[PDB]
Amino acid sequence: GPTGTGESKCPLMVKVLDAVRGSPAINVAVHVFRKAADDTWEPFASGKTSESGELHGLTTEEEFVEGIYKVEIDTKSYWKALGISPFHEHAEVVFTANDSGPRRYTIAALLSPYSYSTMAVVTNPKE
């Protein structure tokens, strides 16, 4: 189910859209990683996007501490299902989550076979 290591506060969400069909990208695998002091990527949270191309409950507020996180979207598998040959191996978003900055993090990604865009909406409220 479109959730990860924290069905609660939802301080981090991922939304994936398909720019070829103009629909959400459903069942896309997403793996979230946290950088360890030994500077390697330790698995953190993961899941498959829902029917609306969203993924929530990846983490919890108490678990989501300041650090460097990497969100990796398996775009290649998604396009392969569609019978379309892609260019990227996957799409990744590497960022520093800080405490002073706003609360919630929505990472959106818009996919095309040879292109992808990603934006971050950082705010304080709900949705």
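A residue's number is simply how far along the shown sequence it sits, counting from 1.
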### Mean temperature factor over C-alpha atoms, higher-scoring stretch between 102-110 and 115-123
102-110
### Query
Got a sec? Mean C-alpha B-factor, which is higher, 29-37 or 88-96?
29-37
### Query
Can you tell me which of 14, 17, 10, 20 has the highest Cα temperature factor in the record?
10
### Query
Lowest, middle or highest third: where is residue 73 by C-alpha B factor in its chain?
lowest
### Summary
residue 52: C-alpha B-factor third of its chain, per the entry, is the middle
